[PDB]
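Accompanying notes for the structure given below.
Per chain, numbering begins at 1; letters A, B, ... match sequence-line order. Keep in mind that the numbers below use all heavy atoms, side chains included, and drop hydrogens, waters and symmetry copies. As the structure lists them, so they are numbered: ligands from 1, and atoms in each ligand from 1.
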There are 8 protein chains.
Amino acid sequence: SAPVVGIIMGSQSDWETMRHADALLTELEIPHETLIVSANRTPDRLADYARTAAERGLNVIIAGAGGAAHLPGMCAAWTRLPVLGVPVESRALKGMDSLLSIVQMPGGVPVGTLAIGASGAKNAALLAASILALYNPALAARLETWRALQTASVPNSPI
Amino acid sequence: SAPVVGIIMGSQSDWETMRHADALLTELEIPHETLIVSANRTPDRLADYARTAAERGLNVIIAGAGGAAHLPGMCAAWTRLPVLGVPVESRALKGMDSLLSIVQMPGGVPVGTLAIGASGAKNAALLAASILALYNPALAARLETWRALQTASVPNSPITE
Amino acid sequence: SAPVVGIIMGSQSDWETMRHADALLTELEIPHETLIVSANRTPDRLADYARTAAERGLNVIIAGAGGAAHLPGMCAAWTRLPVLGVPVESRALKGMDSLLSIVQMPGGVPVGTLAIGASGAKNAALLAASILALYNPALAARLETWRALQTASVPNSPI
Amino acid sequence: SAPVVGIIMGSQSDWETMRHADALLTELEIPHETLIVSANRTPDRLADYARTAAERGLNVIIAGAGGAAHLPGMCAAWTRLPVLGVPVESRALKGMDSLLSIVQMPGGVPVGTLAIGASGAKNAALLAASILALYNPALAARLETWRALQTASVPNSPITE
Amino acid sequence: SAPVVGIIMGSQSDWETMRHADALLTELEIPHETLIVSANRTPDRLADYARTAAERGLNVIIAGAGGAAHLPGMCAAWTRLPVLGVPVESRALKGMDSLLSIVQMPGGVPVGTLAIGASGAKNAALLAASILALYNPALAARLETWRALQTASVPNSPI
Amino acid sequence: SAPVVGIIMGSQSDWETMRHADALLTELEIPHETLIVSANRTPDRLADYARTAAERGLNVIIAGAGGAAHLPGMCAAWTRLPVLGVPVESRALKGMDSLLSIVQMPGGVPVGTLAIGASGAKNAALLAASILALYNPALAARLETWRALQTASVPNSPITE
Amino acid sequence: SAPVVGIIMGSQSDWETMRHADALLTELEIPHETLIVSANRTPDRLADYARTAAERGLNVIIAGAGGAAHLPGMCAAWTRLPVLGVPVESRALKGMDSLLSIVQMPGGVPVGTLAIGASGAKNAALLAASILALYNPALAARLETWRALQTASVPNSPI
Amino acid sequence: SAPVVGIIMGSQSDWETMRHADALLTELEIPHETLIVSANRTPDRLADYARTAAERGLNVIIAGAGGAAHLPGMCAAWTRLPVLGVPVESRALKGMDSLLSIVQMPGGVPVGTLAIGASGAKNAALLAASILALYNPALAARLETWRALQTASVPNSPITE
Ligand SMILES: N=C1[C@H](C(=O)O)N=CN1[C@@H]1O[C@H](COP(=O)(O)O)[C@@H](O)[C@H]1O
Ligand SMILES: N=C1[C@H](C(=O)O)N=CN1[C@@H]1O[C@H](COP(=O)(O)O)[C@@H](O)[C@H]1O
Ligand SMILES: N=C1[C@H](C(=O)O)N=CN1[C@@H]1O[C@H](COP(=O)(O)O)[C@@H](O)[C@H]1O
Ligand SMILES: N=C1[C@H](C(=O)O)N=CN1[C@@H]1O[C@H](COP(=O)(O)O)[C@@H](O)[C@H]1O
């Protein structure tokens with residue numbers, strides 16, 4: 001019942017994108033928390049959140065942000081847990097700024113980066129699930145089922 | 001000594017980049033295998049590798065590729081295991097083609113992507129380590145020590161040649 | 001009556017773009033099939049489709065996909081037939097990601113790439129027709145007529 | 001020994017790239033001609049070449065060009081034959097100007113575009129081969145053998161210098 | 001009364017952009033013609049148009065096109081007259097493809113390139129006017145007046 | 001021998017690029033002046049130059065600049081004469097910053113932009129020549145001869161080292 | 001009561017973006033002026049404005065423009081005062097052209113550049129405030145309060 | 001001799017770029033400190049530095065970083081002082097990743113960004129100088145003299161090797 005995955009995002013504006021990560025984890029019955037945390041506007045909140053993640057029982061953190069998107073990398077800077085990053089698409093640069101600021105992390109501080117937008121958010125949840133599946137047979141089976149349903153449900157011809 | 005991490009790359013040319021992932025895993029004492037598999041040139045070899053990864057005991061796959069990089073994504077298409085992708089720097093487009101071909105995976109088939117080049121390879125290994133550390137106390141301690149040393153090793157002031 | 005060209009696309013989302021390829025082939029009376037095939041979501045479906053293409057009588061394959069667009073290159077990886085690729089334009093990167101993932105194929109596995117979007121889809125069909133025309137006089141004549149009508153129909157002044 | 005494939009390029013500078021297309025066709029025993037034709041600098045030469053390609057027996061045209069690359073597109077404008085385009089890498093923009101100028105053809109005038117550089121030239125020849133193989137059993141067998149050898153020749157593990 | 005400037009565009013689709021060039025020339029009372037000419041769809045029409053431009057009395061040609069935009073450069077390839085190019089903005093790449101295909105012309109075949117879109121079209125007309133002004137005092141004066149009105153009409157504060 | 005074309009550049013560093021414009025004008029026998037003027041570093045020098053260009057007899061101004069290239073645009077802001085701009089290649093961004101800073105002029109202040117680098121400088125001179133040729137029969141003939149020679153000088157087949 | 005910060009923009013079109021800078025300065029009670037000044041259309045107006053800035057008592061200038069955006073750099077070329085630049089997002093290149101034309105200034109003529117768009121405009125005002133705060137305790141306190149309210153007001157969870 | 005400007009950089013590798021900022025401040029006689037602080041690798045070190053900057057007497061912070069450059073932005077997150085950012089050129093992406101990671105700060109946390117590379121470092125120091133000059137007549141005169149000399153030092157015509 002206690003969250004094993006933490007979904008954090010730069011602002012309310014990111015919810016439209018990050019909700020796909022939330023929905024996916026719920027579907028796979030993965031206990032998690034969903035919060036707003038800004039690296040630049042709430043730096044101490046991030047430090048505390050990331051520092052204590054492991055102690056609170058979290059195993060994976062999904063972080064999403066737009067623009068310069070410092071959130072994912074800074075979260076990874078304070079936690080030893082795997083951090084997955086979702087570039088949130090934005091008006092001007094369509095998430096290209098977010099993508100580079102997240103994926104180009106220096107050696108030593110990784111952020112497993114997913115695609116820009118909703119699909120990236122969804123995949124961050126699926127990637128987190130695949131990580132948890134390594135030591136949770138029940139979840140692993142549910143993940144196998146989800147993947148199998150995806151493959152089997154793709155139509156053979158367009159409508 | 002059974003491998004828990006599989007490092008695959010599209011070619012020998014990618015090794016200069018992927019060797020950094022191999023070195024880091026060895027440093028952290030994580031048993032792994034290193035192979036060359038091309039999605040575009042040896043698709044059946046990739047299919048066989050990816051389909052049997054889980055049953056062979058692998059827990060994480062690190063895939064490196066450049067250009068129209070399809071290796072990580074296709075590997076992820078055949079395995080339920082987490083797949084981490086490393087964009088190998090390309091000559092003309094400096095790895096931008098590699099990056100987009102890897103990171104822009106459709107919803108439903110994830111590939112955790114790392115930085116272009118050596119730094120990415122190193123982080124892919126560190127990310128796989130943090131994944132394995134979730135259920136390996138010994139490795140977790142080793143990872144912690146490694147991270148802590150990195151931070152304490154950063155100089156405080158610049159050296160003027 | 002048996003299809004000599006196969007139009008495959010990553011998902012239903014690509015139909016809005018790939019229908020232009022379909023329409024063009026029908027106009028030129030080129031027998032063909034139109035299907036949904038995902039390299040990442042239905043890898044085995046793609047392997048089987050591409051592997052058996054030649055045996056089924058297909059001469060050219062038109063493949064369209066958005067995002068990382070692995071479909072065209074992976075199809076070419078399994079078939080000896082000419083594979084033409086159409087980058088499908090997408091929200092964030094406007095098909096630039098799709099273009100690079102398709103056109104930058106390594107030496108040994110070609111994908112004749114067309115423009116991003118509807119025009120690329122239309123041109124993939126026209127390119128496939130020009131290939132088939134090399135050994136089909138009737139089609140070659142119809143293609144000559146289509147090209148001639150295009151050139152002759154361009155207005156001399158804007159409205 | 002009549003040519004069935006025509007390899008045209010904008011300049012001598014493009015030859016370093018296009019020679020790879022020439023070499024591959026020769027390897028597959030495909031009769032072809034190799035010429036220098038510039039759309040921007042020798043437009044009338046291009047018009048003559050493209051208009052007569054079909055009547056001269058050519059079946060596929062491989063065109064290489066860099067910068068504001070118009071050679072492939074204009075060639076396609078005058079011939080009904082399939083035209084394959086090879087973006088030659090440019091100094092400043094690393095071939096991005098070459099790529100967009102070639103691949104972004106308007107609906108109605110196709111140009112099958114290949115990768116930037118040598119790899120593109122090689123694939124343009126392989127693509128032309130696969131086109132010709134549709135109605136040439138002998139070439140088809142040769143192409144098949146070539147592809148099969150490429151796949152079997154890929155190493156299984158990396159060499160550590 | 002005979003046109004001294006020719007405005008040519010790739011297709012009707014470009015009119016929304018190229019009309020700004022047309023409007024500007026009319027405002028400055030510069031005799032001109034406005035036509036649709038496609039380098040790729042009507043190659044012979046372009047060759048003939050460009051080849052005969054000088055003989056017909058044209059002094060400057062404004063050419064606009066989107067996508068690969070071969071029109072401006074190919075026009076310059078056949079005429080000795082100054083050719084000005086306008087990259088027409090397009091759906092996918094926002095005219096970046098058009099810009100590079102026009103501005104990156106090789107040494108020996110120039111195309112004076114203007115900004116992407118309506119402003120570029122307007123400026124192509126103004127640039128053509130500044131060229132004609134060099135040997136037409138009446139026009140030069142009207143151009144001076146237009147430039148003076150532009151500068152004087154800029155508000156001092158936003159509304 | 002009064003100059004009719006003015007070639008200005010932001011710095012000595014830009015000369016390697018702009019010398020190509022100077023050489024071409026001299027070749028076509030077009031009297032011109034070549035100076036260094038920076039919009040960002042010598043704005044008043046630019047203002048004086050641009051305001052008096054027309055009264056000094058100049059007919060066309062060729063301006064070269066790199067980086068946040070403002071020289072061509074600001075020159076155009078002060079003169080009614082046609083201003084041609086040459087984007088000088090930049091180190092990091094390979095001239096893309098130079099290109100956009102020059103070509104994206106607001107409606108009302110034109111700058112005819114040429115290719116990044118040497119080719120652009122050469123074309124700026126050729127464009128200025130074609131402008132001057134409109135009312136100079138002698139130059140027109142020289143320009144025609146120059147163009148015709150360029151086309152006839154293009155090789156027909158590639159040289160294989 | 002006399003303005004200590006000058007907000008200048010390329011045209012009325014930029015107001016939608018630059019108003020955020022205006023609003024921010026008013027909120028922090030920083031006396032300022034808001035004007036339209038075009039480097040390319042009103043060069044002499046800019047020269048005079050920038051040259052006299054210091055004499056008029058201005059301490060910081062915020063300049064915003066789209067497209068080639070010469071305004072910020074040219075303003076900095078004529079004044080010794082700190083000049084902050086805001087790339088205004090535009091149709092075609094989404095402000096990437098504006099960003100490079102502003103940030104890539106040569107050594108010797110700086111322009112502190114902010115993000116593309118509304119956020120950049122807002123931040124230019126905040127940066128100007130932080131500069132003024134260095135020698136105005138009352139403003140410094142109000143700035144501390146504004147920053148504190150920003151941090152404290154960020155929600156803990158998305159709605 | 002108390003420092004009023006703080007120059008921080010992510011690594012020793014960034015020094016080649018940031019030394020230009022150090023040199024300019026020293027030239028203008030502006031007391032400053034130069035340190036190495038990484039946002040991604042020494043976050044706690046950055047937090048301590050940024051939080052105490054104001055109380056330690058610093059007035060302006062110049063931060064240089066490359067790649068996923070977070071140093072300037074995070075420093076700005078903890079201090080009310082103006083923070084100027086210098087994008088350090090990166091190998092593959094030539095500093096574009098550095099630039100976007102720095103300049104695209106969210107509304108509410110400003111970072112005045114300068115050009116990619118050395119020029120940016122130099123301008124960051126000049127910008128900090130102009131800020132300090134607002135309330136330092138002596139420095140203002142020195143800055144004025146410096147600017148005036150730069151303008152008068154620009155050559156009027158190019159040197160032909
Ligand atoms: N860049 C940040 C910073 C961070 O945590 O890195 N705080 C949030 N952002 C991003 O700022 C962007 C716009 O936020 P806004 O609508 O609150 O102004 C969002 O994409 C958010 O993720
Ligand atoms: N990238 C792929 C993968 C493939 O086959 O390569 N499967 C399909 N896609 C692309 O994913 C994009 C979005 O698909 P969606 O609306 O089903 O989430 C489409 O452009 C589709 O072509
Ligand atoms: N690229 C060309 C080619 C040329 O003349 O270069 N013919 C026209 N185009 C461009 O094709 C684009 C789309 O045209 P369309 O709406 O007729 O399909 C237009 O921007 C037009 O300028
Ligand atoms: N590029 C300039 C020039 C300048 O001052 O640098 N004058 C104004 N602009 C920009 O031109 C763009 C479009 O202006 P417009 O709507 O008046 O045509 C605006 O973003 C404006 O900032």
Side-chain angles (χ1 to χ4, degrees), chain A residues 118-119 122 154, chain B residues 70 73 77 104-109, chain C residues 8-14 17 36-43 46 63-74 88-90 98 101 118-119 154, chain D residues 70 73 77 104-109, chain E residues 8-14 17 36-43 46 63-74 88-90 98 101 118-119 122 154, chain F residues 70 73 77 104-109, chain G residues 8-14 17 36-43 46 63-74 88-90 98 101:
Chain A
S119 297
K122 181 169 186 176
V154 178
Chain B
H70 303 152
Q104 293 293 86
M105 287 298 285
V109 191
Chain C
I8 59 179
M9 61 202 84
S11 72
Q12 175 63 42
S13 297
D14 304 318
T17 297
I36 298 295
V37 178
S38 176
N40 305 312
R41 294 175 179 136
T42 63
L46 176 53
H70 293 192
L71 179 62
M74 288 312 296
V88 174
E89 191 192 323
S90 249
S98 309
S101 303
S119 297
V154 178
Chain D
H70 303 152
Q104 293 293 86
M105 287 298 285
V109 191
Chain E
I8 59 179
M9 61 202 84
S11 72
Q12 175 63 42
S13 297
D14 304 318
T17 297
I36 298 295
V37 178
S38 176
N40 305 312
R41 294 175 179 136
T42 63
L46 176 53
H70 293 192
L71 179 62
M74 288 312 296
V88 174
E89 191 192 323
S90 249
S98 309
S101 303
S119 297
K122 181 169 186 176
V154 178
Chain F
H70 303 152
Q104 293 293 86
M105 287 298 285
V109 191
Chain G
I8 59 179
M9 61 202 84
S11 72
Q12 175 63 42
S13 297
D14 304 318
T17 297
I36 298 295
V37 178
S38 176
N40 305 312
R41 294 175 179 136
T42 63
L46 176 53
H70 293 192
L71 179 62
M74 288 312 296
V88 174
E89 191 192 323
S90 249
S98 309
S101 303

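- At a heavy-atom cutoff of 4.0 Å, ligand 2 is contacted by the side chain of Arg41(C) but not by its backbone.
- One N or O on the side chain of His70(D) and one on the backbone of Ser101(E) form a donor-acceptor pair closer than 3.5 Å.
- In this structure, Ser38(E) and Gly10(E) approach most closely via the heavy-atom pair CB-O, 3.7 Å.
- With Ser98(G) contributing its side chain and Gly67(G) its backbone, the two residues share a donor-acceptor pair below 3.5 Å.
- Of all non-hydrogen atoms in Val88(G) and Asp14(G), the two that sit nearest each other are CG1-OD1, 3.3 Å.
- Closest heavy-atom approach to atom 13 (C) of ligand 3 among the candidates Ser11(E), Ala39(E), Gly73(D), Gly108(D): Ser11(E).
- Atoms of ligand 2 lying under 4.0 Å from any heavy atom of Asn40(C), numbered from 1 in the order shown and given with element: 1 (N), 3 (C), 4 (C), 6 (O).
- Under 4.0 angstrom from ligand 3, the non-hydrogen atoms of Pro106(D) all belong to its side chain.
- Near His70(C), meaning under 4.0 Å from one of its heavy atoms, ligand 2 places the atoms 6 (O).
- Here's the thing with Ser119(C): none of its N/O atoms is less than 3.5 angstrom from an N/O atom of ligand 3.
- Considering only non-hydrogen atoms, atom 7 (N) of ligand 2 lies nearest to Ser38(C) out of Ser90(C), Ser101(C), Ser38(C).
- The side-chain heavy atoms of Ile36(C) and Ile8(C), taken from C-beta on, include no pair separated by under 4.5 Å.
- Summarising the geometry of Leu71(E) relative to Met9(E), their closest heavy-atom pair is CD2-C, 3.6 Å, with the distance given to 0.1 Å.
- Taking 4.5 Å as the limit, every side-chain heavy atom of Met105(F) sits out of range of all side-chain heavy atoms of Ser119(E).
- Polar contact with ligand 3: absent for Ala68(E) (N/O pair, distance under 3.5 Å).
- In terms of polar-atom proximity, defined here as any N/O pair under 3.5 Å, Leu71(C) does make such a contact with ligand 2.
- For atom 16 (O) of ligand 2, the closest non-hydrogen atom on the protein side is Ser13(C) OG, 2.5 Å.
- Using a 4.0 Å cut-off between heavy atoms, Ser98(E) makes no contact with ligand 3 at all.
- Summary of contacts: the protein heavy atom closest to atom 1 (N) of ligand 3 is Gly66(E) O, 3.2 Å.
- Residue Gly107(B) places no heavy atom under 4.0 Å from ligand 2.
- Distance OG/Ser11(C) to CG/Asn40(C): 11.5 Å, rounded to 0.5 Å.
- Looking at atom 21 (C) of ligand 3, its nearest protein heavy atom turns out to be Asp14(E) OD2, 3.1 Å.
- Between the side chain of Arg41(E) and the main chain of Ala77(D), no donor-acceptor pair closer than 3.5 Å is present.
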